[PDB]
């Protein structure tokens, strides 16, 4: 399973978890509703840099299944967690799992691209603004490099 050659693989599962815990404390939705994301994507077995390769294939293949997996994971239908909320949370986390060290630029870009259909004029700025706040802490040097042209 997880390599964890020298230092614990547990870090990865935490970096995955912080997404859900953030959405929890930030969106202030019911614990289980958000917790469900891990019921669909079990972090334990996938928490390690070796599994990431497995994960990207799971992204290309099981993206749709993952998105749908939220509905049977709860006692309630998929739409409980608002369209934008779930759209961003599930995809961003699934990517984050294998993109923990990847530029927020690309992750946010993709998130914004999805936000188009879900939130449109509000959504694309909304998702940028919410992720930005973390990015300025997890990658300050890059966030300070704001190039308009």
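Read the figures in this text as sums done on the coordinates, not as results from a lab. With ideal geometry, Cβ positions are generated from the backbone for all residues, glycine too; neighbour counts draw on all protein chains shown.
Quick check on the exposure proxy: order 127, 112 from fewest to most C-beta atoms within 10 angstrom. Walk me through the numbers before you get to the answer.
Working: 127 24, 112 18.
So the ranking, lowest neighbour count to highest, is 112, 127.
Divide by every residue of the chain the summed helix terms, -39500 (n - 2.57) for each DSSP H run of at least 4, and state the resulting mean residue ellipticity at 222 nm, rounded to the nearest 500 deg cm²/dmol. Mind showing how you got there, number by number?
Details: 8 runs with 109 residues, N = 149.
Taking each H run of at least 4 residues, the total per residue is -23500 deg cm²/dmol.
Measure out, as a whole number of angstrom, how far apart the alpha-carbon centroids of the range 77-108 and the range 34-56 sit.
About 13 Å separates the Cα centre of the range 77-108 from the one of the range 34-56.
Tell me, 84, 59 in order of fewest to most beta-carbon neighbours within 10 Å? Show your work: numbers first, answer last.
Details: 84 20, 59 17.
Ranked by crowding around the Cβ, least crowded first: 59, 84.
Which shape class applies to the chain: rounded if a/c is under 1.5, otherwise prolate when a/b exceeds b/c and oblate if not, where a ≥ b ≥ c are the square roots of the Cα gyration tensor eigenvalues?
Working: a/c = 1.64, a/b = 1.06, b/c = 1.54.
Here the chain falls in the oblate category.
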